[PDB]
$ cat my_file.pdb   # PDB, C-alpha atoms
ATOM      1  CA  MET A   1      13.144  19.331  18.288
ATOM      2  CA  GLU A   2      10.992  21.339  15.884
ATOM      3  CA  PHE A   3       7.431  21.813  17.122
ATOM      4  CA  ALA A   4       4.384  22.281  14.901
ATOM      5  CA  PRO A   5       0.658  22.599  15.652
ATOM      6  CA  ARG A   6      -1.115  19.259  16.038
ATOM      7  CA  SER A   7      -3.254  19.993  12.963
ATOM      8  CA  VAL A   8      -0.119  20.393  10.829
ATOM      9  CA  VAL A   9       1.185  16.984  11.911
ATOM     10  CA  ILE A  10      -2.191  15.314  11.358
ATOM     11  CA  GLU A  11      -2.363  16.813   7.862
ATOM     12  CA  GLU A  12       1.015  15.302   7.032
ATOM     13  CA  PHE A  13      -0.250  11.855   8.004
ATOM     14  CA  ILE A  14      -3.451  12.446   6.041
ATOM     15  CA  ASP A  15      -1.438  13.330   2.915
ATOM     16  CA  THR A  16       0.256   9.927   3.022
ATOM     17  CA  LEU A  17      -2.988   8.052   3.742
ATOM     18  CA  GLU A  18      -4.327   7.586   0.197
ATOM     19  CA  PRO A  19      -0.886   6.898  -1.327
ATOM     20  CA  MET A  20      -0.242   4.255   1.331
ATOM     21  CA  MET A  21      -3.644   2.634   0.828
ATOM     22  CA  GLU A  22      -3.134   2.462  -2.941
ATOM     23  CA  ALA A  23       0.414   1.109  -2.691
ATOM     24  CA  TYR A  24      -0.574  -1.644  -0.250
ATOM     25  CA  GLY A  25      -4.081  -2.267  -1.559
ATOM     26  CA  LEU A  26      -5.745  -1.413   1.755
ATOM     27  CA  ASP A  27      -9.506  -0.872   1.909
ATOM     28  CA  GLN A  28      -9.924   0.762   5.308
ATOM     29  CA  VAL A  29      -7.317   2.870   7.090
ATOM     30  CA  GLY A  30      -7.603   5.867   9.376
ATOM     31  CA  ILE A  31      -5.517   8.240  11.494
ATOM     32  CA  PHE A  32      -4.548   7.073  14.991
ATOM     33  CA  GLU A  33      -3.599   9.277  17.950
ATOM     34  CA  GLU A  34      -2.774   8.492  21.556
ATOM     35  CA  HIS A  35      -1.879  10.882  24.380
ATOM     36  CA  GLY A  36       0.770   9.201  26.491
ATOM     37  CA  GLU A  37       2.190   9.842  29.935
ATOM     38  CA  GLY A  38       4.250  12.963  30.542
ATOM     39  CA  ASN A  39       3.358  14.965  27.438
ATOM     40  CA  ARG A  40       4.313  12.043  25.170
ATOM     41  CA  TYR A  41       2.180  11.606  22.037
ATOM     42  CA  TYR A  42       1.774   8.971  19.320
ATOM     43  CA  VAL A  43       0.511   9.491  15.779
ATOM     44  CA  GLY A  44       0.014   6.952  13.059
ATOM     45  CA  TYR A  45      -2.496   4.754  11.293
ATOM     46  CA  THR A  46      -4.952   2.029  12.148
ATOM     47  CA  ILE A  47      -5.627  -0.518   9.451
ATOM     48  CA  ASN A  48      -8.775  -2.637   9.415
ATOM     49  CA  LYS A  49      -7.736  -5.874   7.721
ATOM     50  CA  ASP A  50     -10.699  -8.245   7.662
ATOM     51  CA  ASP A  51     -11.974  -7.271  11.108
ATOM     52  CA  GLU A  52      -8.454  -7.217  12.558
ATOM     53  CA  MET A  53      -7.214  -3.833  13.780
ATOM     54  CA  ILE A  54      -3.498  -3.212  13.276
ATOM     55  CA  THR A  55      -1.952   0.089  14.367
ATOM     56  CA  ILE A  56       1.405   1.612  13.426
ATOM     57  CA  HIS A  57       2.703   4.813  14.985
ATOM     58  CA  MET A  58       5.592   7.219  15.575
ATOM     59  CA  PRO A  59       6.623   8.955  18.840
ATOM     60  CA  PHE A  60       6.187  12.686  19.446
ATOM     61  CA  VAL A  61       6.715  15.140  22.294
ATOM     62  CA  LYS A  62       3.994  17.677  23.109
ATOM     63  CA  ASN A  63       4.978  21.116  24.418
ATOM     64  CA  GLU A  64       3.141  23.619  26.627
ATOM     65  CA  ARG A  65       0.988  24.937  23.777
ATOM     66  CA  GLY A  66       0.011  21.471  22.600
ATOM     67  CA  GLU A  67       2.361  21.535  19.607
ATOM     68  CA  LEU A  68       4.076  18.313  18.522
ATOM     69  CA  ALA A  69       7.664  17.414  17.658
ATOM     70  CA  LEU A  70       8.824  14.098  16.197
ATOM     71  CA  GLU A  71      10.987  12.367  18.828
ATOM     72  CA  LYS A  72      12.646   9.614  16.797
ATOM     73  CA  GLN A  73      12.679   8.162  13.275
ATOM     74  CA  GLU A  74      11.048   4.915  14.366
ATOM     75  CA  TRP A  75       7.729   3.160  13.825
ATOM     76  CA  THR A  76       6.042   0.792  16.275
ATOM     77  CA  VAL A  77       3.620  -1.913  15.153
ATOM     78  CA  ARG A  78       0.736  -2.869  17.436
ATOM     79  CA  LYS A  79      -0.827  -6.194  16.484
ATOM     80  CA  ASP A  80      -2.750  -8.680  18.621
ATOM     81  CA  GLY A  81      -2.551  -6.178  21.472
ATOM     82  CA  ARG A  82       1.254  -6.245  21.617
ATOM     83  CA  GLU A  83       3.857  -3.802  20.317
ATOM     84  CA  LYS A  84       7.039  -4.379  18.327
ATOM     85  CA  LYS A  85       9.555  -1.604  17.628
ATOM     86  CA  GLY A  86      12.724  -1.327  15.559
ATOM     87  CA  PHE A  87      11.124  -0.299  12.269
ATOM     88  CA  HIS A  88      12.855   2.724  10.777
ATOM     89  CA  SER A  89      10.436   3.645   7.996
ATOM     90  CA  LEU A  90       6.782   3.380   7.059
ATOM     91  CA  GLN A  91       7.704   0.882   4.341
ATOM     92  CA  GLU A  92       9.386  -1.297   6.969
ATOM     93  CA  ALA A  93       6.397  -1.032   9.295
ATOM     94  CA  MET A  94       4.019  -1.962   6.477
ATOM     95  CA  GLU A  95       6.250  -4.904   5.542
ATOM     96  CA  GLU A  96       5.627  -6.167   9.083
ATOM     97  CA  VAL A  97       1.897  -5.406   8.815
ATOM     98  CA  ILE A  98       1.464  -7.280   5.526
ATOM     99  CA  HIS A  99       3.968 -10.130   5.845
ATOM    100  CA  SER A 100       4.039 -11.051   9.540
TER
ATOM    101  CA  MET B   1     -26.579  16.083  18.144
ATOM    102  CA  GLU B   2     -24.658  18.109  20.737
ATOM    103  CA  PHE B   3     -21.473  19.282  19.020
ATOM    104  CA  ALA B   4     -18.500  20.627  20.961
ATOM    105  CA  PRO B   5     -14.912  21.511  19.978
ATOM    106  CA  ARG B   6     -12.516  18.567  20.013
ATOM    107  CA  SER B   7     -10.539  20.154  22.861
ATOM    108  CA  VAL B   8     -13.669  20.193  25.032
ATOM    109  CA  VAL B   9     -14.394  16.518  24.365
ATOM    110  CA  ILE B  10     -10.791  15.496  25.041
ATOM    111  CA  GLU B  11     -10.722  17.388  28.338
ATOM    112  CA  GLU B  12     -13.883  15.605  29.479
ATOM    113  CA  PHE B  13     -12.196  12.260  28.834
ATOM    114  CA  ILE B  14      -9.107  13.513  30.651
ATOM    115  CA  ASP B  15     -11.241  14.396  33.691
ATOM    116  CA  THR B  16     -12.285  10.760  34.063
ATOM    117  CA  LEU B  17      -8.759   9.409  33.518
ATOM    118  CA  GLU B  18      -7.415   9.630  37.092
ATOM    119  CA  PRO B  19     -10.713   8.539  38.699
ATOM    120  CA  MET B  20     -10.869   5.516  36.397
ATOM    121  CA  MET B  21      -7.246   4.599  37.061
ATOM    122  CA  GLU B  22      -7.767   4.788  40.821
ATOM    123  CA  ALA B  23     -11.024   2.824  40.718
ATOM    124  CA  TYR B  24      -9.516  -0.061  38.740
ATOM    125  CA  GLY B  25      -5.946   0.133  40.026
ATOM    126  CA  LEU B  26      -4.559   0.931  36.584
ATOM    127  CA  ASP B  27      -0.937   2.033  36.312
ATOM    128  CA  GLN B  28      -0.714   3.308  32.730
ATOM    129  CA  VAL B  29      -3.632   4.725  30.748
ATOM    130  CA  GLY B  30      -3.862   7.391  28.082
ATOM    131  CA  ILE B  31      -6.369   9.046  25.750
ATOM    132  CA  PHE B  32      -7.129   7.329  22.441
ATOM    133  CA  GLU B  33      -8.449   8.952  19.253
ATOM    134  CA  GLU B  34      -9.083   7.568  15.792
ATOM    135  CA  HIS B  35     -10.322   9.373  12.691
ATOM    136  CA  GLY B  36     -12.756   7.071  10.929
ATOM    137  CA  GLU B  37     -14.183   7.128   7.418
ATOM    138  CA  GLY B  38     -16.769   9.741   6.526
ATOM    139  CA  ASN B  39     -17.917  11.604   9.624
ATOM    140  CA  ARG B  40     -16.825   8.866  12.040
ATOM    141  CA  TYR B  41     -14.500   9.651  14.956
ATOM    142  CA  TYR B  42     -13.589   7.544  17.969
ATOM    143  CA  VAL B  43     -12.489   8.652  21.418
ATOM    144  CA  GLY B  44     -11.597   6.593  24.436
ATOM    145  CA  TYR B  45      -8.748   5.182  26.474
ATOM    146  CA  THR B  46      -5.874   2.807  25.875
ATOM    147  CA  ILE B  47      -4.764   0.800  28.871
ATOM    148  CA  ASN B  48      -1.348  -0.800  29.125
ATOM    149  CA  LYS B  49      -2.003  -3.895  31.211
ATOM    150  CA  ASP B  50       1.373  -5.588  31.620
ATOM    151  CA  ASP B  51       2.535  -4.708  28.102
ATOM    152  CA  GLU B  52      -0.824  -5.699  26.620
ATOM    153  CA  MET B  53      -2.559  -2.738  24.976
ATOM    154  CA  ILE B  54      -6.335  -2.694  25.392
ATOM    155  CA  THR B  55      -8.422   0.128  23.957
ATOM    156  CA  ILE B  56     -11.990   1.127  24.740
ATOM    157  CA  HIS B  57     -13.826   3.803  22.802
ATOM    158  CA  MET B  58     -17.095   5.564  22.033
ATOM    159  CA  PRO B  59     -18.441   6.661  18.630
ATOM    160  CA  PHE B  60     -18.563  10.336  17.660
ATOM    161  CA  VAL B  61     -19.670  12.274  14.615
ATOM    162  CA  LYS B  62     -17.436  15.064  13.355
ATOM    163  CA  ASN B  63     -19.167  17.902  11.516
ATOM    164  CA  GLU B  64     -17.661  20.179   8.862
ATOM    165  CA  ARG B  65     -16.650  22.552  11.662
ATOM    166  CA  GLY B  66     -14.380  19.961  13.259
ATOM    167  CA  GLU B  67     -16.649  19.658  16.292
ATOM    168  CA  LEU B  68     -17.584  16.334  17.858
ATOM    169  CA  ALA B  69     -20.901  14.900  18.999
ATOM    170  CA  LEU B  70     -21.459  11.581  20.778
ATOM    171  CA  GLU B  71     -23.317   9.299  18.371
ATOM    172  CA  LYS B  72     -24.441   6.549  20.730
ATOM    173  CA  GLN B  73     -24.186   5.566  24.405
ATOM    174  CA  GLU B  74     -22.061   2.490  23.728
ATOM    175  CA  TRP B  75     -18.466   1.457  24.342
ATOM    176  CA  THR B  76     -16.412  -0.860  22.145
ATOM    177  CA  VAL B  77     -13.534  -2.919  23.545
ATOM    178  CA  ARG B  78     -10.535  -3.635  21.323
ATOM    179  CA  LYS B  79      -8.464  -6.519  22.666
ATOM    180  CA  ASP B  80      -6.016  -8.800  20.855
ATOM    181  CA  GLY B  81      -6.652  -6.791  17.686
ATOM    182  CA  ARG B  82     -10.396  -7.444  17.569
ATOM    183  CA  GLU B  83     -13.404  -5.470  18.752
ATOM    184  CA  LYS B  84     -16.488  -6.292  20.787
ATOM    185  CA  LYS B  85     -19.359  -3.910  21.472
ATOM    186  CA  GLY B  86     -22.642  -3.907  23.355
ATOM    187  CA  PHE B  87     -21.229  -2.278  26.488
ATOM    188  CA  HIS B  88     -23.416   0.621  27.588
ATOM    189  CA  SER B  89     -21.213   2.258  30.217
ATOM    190  CA  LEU B  90     -17.549   2.721  31.077
ATOM    191  CA  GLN B  91     -18.092   0.385  34.024
ATOM    192  CA  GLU B  92     -19.379  -2.334  31.695
ATOM    193  CA  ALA B  93     -16.449  -1.832  29.336
ATOM    194  CA  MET B  94     -13.922  -2.003  32.174
ATOM    195  CA  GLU B  95     -15.446  -5.257  33.394
ATOM    196  CA  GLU B  96     -14.584  -6.615  29.959
ATOM    197  CA  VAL B  97     -11.107  -5.078  30.198
ATOM    198  CA  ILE B  98     -10.380  -6.333  33.719
ATOM    199  CA  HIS B  99     -12.465  -9.510  33.946
ATOM    200  CA  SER B 100     -10.751 -10.984  30.885
TER
END

$ encode --input "my_file.pdb" --output "structure tokens"
Amino acid sequence: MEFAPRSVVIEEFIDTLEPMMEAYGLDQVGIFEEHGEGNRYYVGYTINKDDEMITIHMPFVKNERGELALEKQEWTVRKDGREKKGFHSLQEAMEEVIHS
Amino acid sequence: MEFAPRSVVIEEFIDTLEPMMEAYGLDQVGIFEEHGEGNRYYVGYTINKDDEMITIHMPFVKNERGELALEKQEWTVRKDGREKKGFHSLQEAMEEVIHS
């Protein structure tokens, strides 16, 4: 896996933020990060849809220097406190966010 | 406010991780971060209670230097995709997490 500083990864998610909000007509979205067990890491977005918080994220691996590497081309959707996987693109994840 | 580098803030939350897990008999907990709008930033924990993801967090202000400062002594509990605040300590927040 190719590792990059955390800031570089965050910036990539930030660059897609506005385009994603415009495309899906979202009013309030922010960057989401979670530090998992055993140097596992999750990065994505949290959408505030009328007081409901919906989070979508991708899996990363964190090395000794804190750098991050994308683990798999898969998005997970966290809604109502439960997670659903199997989404292979942001568009697919958003389809679940908007239409489920 | 008292600003400190993000790394310093994260490490302080990490220091309380194991003690909190032992005190409440939690099996899987990690650090949670969310970049809000404007100068808003949120830091806390996400607990995996039998597949249910429950997040608790505190409000921070991020200055132009990327540093973080605690904005208010209050915890917010995000369960089932919705948030509830008014908790003034981690103990109070956990009571909402556990006793619910």

$ resolve_selection --input "my_file.pdb" --expression "the PyMOL selection byres ((chain B) within 9 of (chain A))" --output "PDB file with C-alpha atoms, in the frame of the given file"
ATOM      1  CA  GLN B  28      -0.714   3.308  32.730  1.00  0.00           C
ATOM      2  CA  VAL B  29      -3.632   4.725  30.748  1.00  0.00           C
ATOM      3  CA  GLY B  30      -3.862   7.391  28.082  1.00  0.00           C
ATOM      4  CA  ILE B  31      -6.369   9.046  25.750  1.00  0.00           C
ATOM      5  CA  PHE B  32      -7.129   7.329  22.441  1.00  0.00           C
ATOM      6  CA  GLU B  33      -8.449   8.952  19.253  1.00  0.00           C
ATOM      7  CA  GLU B  34      -9.083   7.568  15.792  1.00  0.00           C
ATOM      8  CA  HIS B  35     -10.322   9.373  12.691  1.00  0.00           C
ATOM      9  CA  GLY B  36     -12.756   7.071  10.929  1.00  0.00           C
ATOM     10  CA  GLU B  37     -14.183   7.128   7.418  1.00  0.00           C
ATOM     11  CA  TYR B  45      -8.748   5.182  26.474  1.00  0.00           C
ATOM     12  CA  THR B  46      -5.874   2.807  25.875  1.00  0.00           C
ATOM     13  CA  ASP B  51       2.535  -4.708  28.102  1.00  0.00           C
ATOM     14  CA  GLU B  52      -0.824  -5.699  26.620  1.00  0.00           C
ATOM     15  CA  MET B  53      -2.559  -2.738  24.976  1.00  0.00           C
ATOM     16  CA  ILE B  54      -6.335  -2.694  25.392  1.00  0.00           C
ATOM     17  CA  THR B  55      -8.422   0.128  23.957  1.00  0.00           C
ATOM     18  CA  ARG B  78     -10.535  -3.635  21.323  1.00  0.00           C
ATOM     19  CA  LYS B  79      -8.464  -6.519  22.666  1.00  0.00           C
ATOM     20  CA  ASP B  80      -6.016  -8.800  20.855  1.00  0.00           C
ATOM     21  CA  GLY B  81      -6.652  -6.791  17.686  1.00  0.00           C
ATOM     22  CA  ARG B  82     -10.396  -7.444  17.569  1.00  0.00           C
ATOM     23  CA  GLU B  83     -13.404  -5.470  18.752  1.00  0.00           C
TER      24      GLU B  83
END

$ resolve_selection --input "my_file.pdb" --expression "the PyMOL selection byres ((chain A and resi 93) around 10)" --output "NGL selection string"
:A and (55-57 or 74-77 or 84-92 or 94-98)

$ write_last_selection --input "my_file.pdb" --atoms "C-alpha atoms" --output "mmCIF file, in the coordinates of the input"
data_model
loop_
_atom_site.group_PDB
_atom_site.id
_atom_site.type_symbol
_atom_site.label_atom_id
_atom_site.label_comp_id
_atom_site.auth_asym_id
_atom_site.auth_seq_id
_atom_site.Cartn_x
_atom_site.Cartn_y
_atom_site.Cartn_z
ATOM 1 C CA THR A 55 -1.952 0.089 14.367
ATOM 2 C CA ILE A 56 1.405 1.612 13.426
ATOM 3 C CA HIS A 57 2.703 4.813 14.985
ATOM 4 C CA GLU A 74 11.048 4.915 14.366
ATOM 5 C CA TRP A 75 7.729 3.160 13.825
ATOM 6 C CA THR A 76 6.042 0.792 16.275
ATOM 7 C CA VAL A 77 3.620 -1.913 15.153
ATOM 8 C CA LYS A 84 7.039 -4.379 18.327
ATOM 9 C CA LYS A 85 9.555 -1.604 17.628
ATOM 10 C CA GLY A 86 12.724 -1.327 15.559
ATOM 11 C CA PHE A 87 11.124 -0.299 12.269
ATOM 12 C CA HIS A 88 12.855 2.724 10.777
ATOM 13 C CA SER A 89 10.436 3.645 7.996
ATOM 14 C CA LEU A 90 6.782 3.380 7.059
ATOM 15 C CA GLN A 91 7.704 0.882 4.341
ATOM 16 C CA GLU A 92 9.386 -1.297 6.969
ATOM 17 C CA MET A 94 4.019 -1.962 6.477
ATOM 18 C CA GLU A 95 6.250 -4.904 5.542
ATOM 19 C CA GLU A 96 5.627 -6.167 9.083
ATOM 20 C CA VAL A 97 1.897 -5.406 8.815
ATOM 21 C CA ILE A 98 1.464 -7.280 5.526
#

$ resolve_selection --input "my_file.pdb" --expression "the PyMOL selection byres ((chain B and resi 2) around 10)" --output "list in words"
residues 1, 3, 4, 61, 67, 68, 69, 70 and 71 of chain B

$ calpha_fit_and_write --input "my_file.pdb" --fixed "chain B" --moving "chain A" --output "PDB file with C-alpha atoms, in the frame of the given file"
ATOM      1  CA  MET A   1     -26.752  15.719  18.130  1.00  0.00           C
ATOM      2  CA  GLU A   2     -24.988  18.367  20.208  1.00  0.00           C
ATOM      3  CA  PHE A   3     -21.576  19.308  18.825  1.00  0.00           C
ATOM      4  CA  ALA A   4     -18.654  20.590  20.888  1.00  0.00           C
ATOM      5  CA  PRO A   5     -15.050  21.470  20.002  1.00  0.00           C
ATOM      6  CA  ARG A   6     -12.705  18.479  19.985  1.00  0.00           C
ATOM      7  CA  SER A   7     -10.720  19.966  22.887  1.00  0.00           C
ATOM      8  CA  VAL A   8     -13.867  20.068  25.039  1.00  0.00           C
ATOM      9  CA  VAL A   9     -14.539  16.371  24.423  1.00  0.00           C
ATOM     10  CA  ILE A  10     -10.915  15.415  25.087  1.00  0.00           C
ATOM     11  CA  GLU A  11     -11.001  17.351  28.365  1.00  0.00           C
ATOM     12  CA  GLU A  12     -14.047  15.379  29.467  1.00  0.00           C
ATOM     13  CA  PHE A  13     -12.185  12.118  28.895  1.00  0.00           C
ATOM     14  CA  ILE A  14      -9.135  13.515  30.683  1.00  0.00           C
ATOM     15  CA  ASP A  15     -11.261  14.414  33.728  1.00  0.00           C
ATOM     16  CA  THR A  16     -12.314  10.778  34.090  1.00  0.00           C
ATOM     17  CA  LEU A  17      -8.788   9.436  33.520  1.00  0.00           C
ATOM     18  CA  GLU A  18      -7.371   9.670  37.058  1.00  0.00           C
ATOM     19  CA  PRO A  19     -10.625   8.578  38.748  1.00  0.00           C
ATOM     20  CA  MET A  20     -10.793   5.547  36.456  1.00  0.00           C
ATOM     21  CA  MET A  21      -7.152   4.636  37.064  1.00  0.00           C
ATOM     22  CA  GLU A  22      -7.607   4.855  40.838  1.00  0.00           C
ATOM     23  CA  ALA A  23     -10.853   2.870  40.853  1.00  0.00           C
ATOM     24  CA  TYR A  24      -9.395   0.051  38.746  1.00  0.00           C
ATOM     25  CA  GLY A  25      -5.828   0.234  40.027  1.00  0.00           C
ATOM     26  CA  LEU A  26      -4.359   0.945  36.589  1.00  0.00           C
ATOM     27  CA  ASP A  27      -0.758   2.124  36.268  1.00  0.00           C
ATOM     28  CA  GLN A  28      -0.657   3.363  32.682  1.00  0.00           C
ATOM     29  CA  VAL A  29      -3.609   4.728  30.724  1.00  0.00           C
ATOM     30  CA  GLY A  30      -3.878   7.414  28.078  1.00  0.00           C
ATOM     31  CA  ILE A  31      -6.367   9.089  25.739  1.00  0.00           C
ATOM     32  CA  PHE A  32      -7.125   7.334  22.441  1.00  0.00           C
ATOM     33  CA  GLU A  33      -8.468   8.940  19.259  1.00  0.00           C
ATOM     34  CA  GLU A  34      -9.154   7.570  15.801  1.00  0.00           C
ATOM     35  CA  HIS A  35     -10.477   9.384  12.728  1.00  0.00           C
ATOM     36  CA  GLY A  36     -12.788   7.003  10.914  1.00  0.00           C
ATOM     37  CA  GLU A  37     -14.315   6.939   7.457  1.00  0.00           C
ATOM     38  CA  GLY A  38     -16.907   9.540   6.524  1.00  0.00           C
ATOM     39  CA  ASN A  39     -16.378  12.046   9.330  1.00  0.00           C
ATOM     40  CA  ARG A  40     -16.780   9.312  11.968  1.00  0.00           C
ATOM     41  CA  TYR A  41     -14.590   9.663  15.072  1.00  0.00           C
ATOM     42  CA  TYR A  42     -13.704   7.509  18.083  1.00  0.00           C
ATOM     43  CA  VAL A  43     -12.540   8.690  21.497  1.00  0.00           C
ATOM     44  CA  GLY A  44     -11.582   6.646  24.496  1.00  0.00           C
ATOM     45  CA  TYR A  45      -8.709   5.173  26.452  1.00  0.00           C
ATOM     46  CA  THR A  46      -5.805   2.844  25.875  1.00  0.00           C
ATOM     47  CA  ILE A  47      -4.670   0.822  28.848  1.00  0.00           C
ATOM     48  CA  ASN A  48      -1.191  -0.680  29.061  1.00  0.00           C
ATOM     49  CA  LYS A  49      -1.621  -3.809  31.170  1.00  0.00           C
ATOM     50  CA  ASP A  50       1.721  -5.586  31.443  1.00  0.00           C
ATOM     51  CA  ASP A  51       2.785  -4.845  27.869  1.00  0.00           C
ATOM     52  CA  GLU A  52      -0.694  -5.604  26.519  1.00  0.00           C
ATOM     53  CA  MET A  53      -2.529  -2.678  24.921  1.00  0.00           C
ATOM     54  CA  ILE A  54      -6.294  -2.672  25.445  1.00  0.00           C
ATOM     55  CA  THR A  55      -8.415   0.135  23.996  1.00  0.00           C
ATOM     56  CA  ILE A  56     -11.988   1.141  24.831  1.00  0.00           C
ATOM     57  CA  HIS A  57     -13.849   3.835  22.923  1.00  0.00           C
ATOM     58  CA  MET A  58     -17.127   5.592  22.118  1.00  0.00           C
ATOM     59  CA  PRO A  59     -18.468   6.688  18.692  1.00  0.00           C
ATOM     60  CA  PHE A  60     -18.715  10.330  17.617  1.00  0.00           C
ATOM     61  CA  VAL A  61     -19.690  12.269  14.502  1.00  0.00           C
ATOM     62  CA  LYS A  62     -17.475  15.127  13.306  1.00  0.00           C
ATOM     63  CA  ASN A  63     -19.069  18.141  11.608  1.00  0.00           C
ATOM     64  CA  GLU A  64     -17.723  20.631   9.057  1.00  0.00           C
ATOM     65  CA  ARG A  65     -15.831  22.663  11.662  1.00  0.00           C
ATOM     66  CA  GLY A  66     -14.240  19.604  13.233  1.00  0.00           C
ATOM     67  CA  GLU A  67     -16.550  19.627  16.257  1.00  0.00           C
ATOM     68  CA  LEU A  68     -17.650  16.314  17.779  1.00  0.00           C
ATOM     69  CA  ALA A  69     -21.014  14.906  18.844  1.00  0.00           C
ATOM     70  CA  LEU A  70     -21.550  11.649  20.736  1.00  0.00           C
ATOM     71  CA  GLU A  71     -23.376   9.240  18.399  1.00  0.00           C
ATOM     72  CA  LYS A  72     -24.502   6.515  20.800  1.00  0.00           C
ATOM     73  CA  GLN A  73     -24.258   5.539  24.474  1.00  0.00           C
ATOM     74  CA  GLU A  74     -22.072   2.524  23.750  1.00  0.00           C
ATOM     75  CA  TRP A  75     -18.489   1.472  24.414  1.00  0.00           C
ATOM     76  CA  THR A  76     -16.413  -0.848  22.232  1.00  0.00           C
ATOM     77  CA  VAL A  77     -13.537  -2.913  23.615  1.00  0.00           C
ATOM     78  CA  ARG A  78     -10.538  -3.620  21.390  1.00  0.00           C
ATOM     79  CA  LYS A  79      -8.397  -6.465  22.704  1.00  0.00           C
ATOM     80  CA  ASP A  80      -6.066  -8.818  20.841  1.00  0.00           C
ATOM     81  CA  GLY A  81      -6.725  -6.774  17.708  1.00  0.00           C
ATOM     82  CA  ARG A  82     -10.456  -7.537  17.676  1.00  0.00           C
ATOM     83  CA  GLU A  83     -13.452  -5.453  18.733  1.00  0.00           C
ATOM     84  CA  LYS A  84     -16.469  -6.331  20.864  1.00  0.00           C
ATOM     85  CA  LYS A  85     -19.441  -3.984  21.282  1.00  0.00           C
ATOM     86  CA  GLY A  86     -22.599  -4.017  23.385  1.00  0.00           C
ATOM     87  CA  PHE A  87     -21.197  -2.312  26.478  1.00  0.00           C
ATOM     88  CA  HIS A  88     -23.439   0.518  27.630  1.00  0.00           C
ATOM     89  CA  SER A  89     -21.214   2.201  30.209  1.00  0.00           C
ATOM     90  CA  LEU A  90     -17.568   2.713  31.073  1.00  0.00           C
ATOM     91  CA  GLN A  91     -18.013   0.456  34.103  1.00  0.00           C
ATOM     92  CA  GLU A  92     -19.285  -2.304  31.812  1.00  0.00           C
ATOM     93  CA  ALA A  93     -16.403  -1.806  29.391  1.00  0.00           C
ATOM     94  CA  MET A  94     -13.884  -1.932  32.237  1.00  0.00           C
ATOM     95  CA  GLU A  95     -15.543  -5.082  33.590  1.00  0.00           C
ATOM     96  CA  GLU A  96     -14.718  -6.652  30.217  1.00  0.00           C
ATOM     97  CA  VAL A  97     -11.185  -5.210  30.288  1.00  0.00           C
ATOM     98  CA  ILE A  98     -10.407  -6.545  33.771  1.00  0.00           C
ATOM     99  CA  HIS A  99     -12.357  -9.813  33.875  1.00  0.00           C
ATOM    100  CA  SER A 100     -12.276 -11.192  30.326  1.00  0.00           C
TER     101      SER A 100
END

$ atom_distance --input "my_file.pdb" --atom1 "atom CA of residue 13 of chain A" --atom2 "atom CA of residue 66 of chain A"
17.5 Å

$ atom_distance --input "my_file.pdb" --atom1 "atom CA of residue 17 of chain B" --atom2 "atom CA of residue 38 of chain A"
13.8 Å

$ atom_distance --input "my_file.pdb" --atom1 "atom CA of residue 20 of chain B" --atom2 "atom CA of residue 47 of chain B"
10.8 Å

$ axis_aligned_box --input "my_file.pdb" --around "segment 56-59 of chain A" --padding-each-side "4 Å" --output "AutoDock Vina command-line options"
--center_x 4.0 --center_y 5.3 --center_z 16.1 --size_x 13.2 --size_y 15.3 --size_z 13.4

$ closest_residue --input "my_file.pdb" --among "B:39, B:49, B:65, B:9" --to "residue 24 of chain B" --atoms "only C-alpha atoms"
B:49

$ build_atoms --input "my_file.pdb" --residues "segment 35-45 of chain A" --atoms "N, CA and C atoms" --output "mmCIF file, in the frame of the given file"
data_model
loop_
_atom_site.group_PDB
_atom_site.id
_atom_site.type_symbol
_atom_site.label_atom_id
_atom_site.label_comp_id
_atom_site.auth_asym_id
_atom_site.auth_seq_id
_atom_site.Cartn_x
_atom_site.Cartn_y
_atom_site.Cartn_z
ATOM 1 N N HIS A 35 -2.544 9.932 23.494
ATOM 2 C CA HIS A 35 -1.879 10.882 24.380
ATOM 3 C C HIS A 35 -1.246 10.044 25.474
ATOM 4 N N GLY A 36 0.082 10.000 25.497
ATOM 5 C CA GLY A 36 0.770 9.201 26.491
ATOM 6 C C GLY A 36 1.095 9.934 27.774
ATOM 7 N N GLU A 37 1.803 9.251 28.665
ATOM 8 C CA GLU A 37 2.190 9.842 29.935
ATOM 9 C C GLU A 37 3.240 10.924 29.714
ATOM 10 N N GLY A 38 3.284 11.887 30.627
ATOM 11 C CA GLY A 38 4.250 12.963 30.542
ATOM 12 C C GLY A 38 4.394 13.672 29.208
ATOM 13 N N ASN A 39 3.308 14.237 28.701
ATOM 14 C CA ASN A 39 3.358 14.965 27.438
ATOM 15 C C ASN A 39 3.939 14.190 26.250
ATOM 16 N N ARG A 40 3.844 12.864 26.285
ATOM 17 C CA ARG A 40 4.313 12.043 25.170
ATOM 18 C C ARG A 40 3.086 11.875 24.273
ATOM 19 N N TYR A 41 3.298 11.716 22.972
ATOM 20 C CA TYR A 41 2.180 11.606 22.037
ATOM 21 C C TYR A 41 2.536 10.630 20.921
ATOM 22 N N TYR A 42 1.537 9.926 20.396
ATOM 23 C CA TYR A 42 1.774 8.971 19.320
ATOM 24 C C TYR A 42 0.810 9.241 18.179
ATOM 25 N N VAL A 43 1.334 9.246 16.958
ATOM 26 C CA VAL A 43 0.511 9.491 15.779
ATOM 27 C C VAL A 43 0.834 8.447 14.733
ATOM 28 N N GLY A 44 -0.204 7.958 14.071
ATOM 29 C CA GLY A 44 0.014 6.952 13.059
ATOM 30 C C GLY A 44 -1.256 6.560 12.347
ATOM 31 N N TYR A 45 -1.352 5.277 12.026
ATOM 32 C CA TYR A 45 -2.496 4.754 11.293
ATOM 33 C C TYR A 45 -3.048 3.478 11.888
#
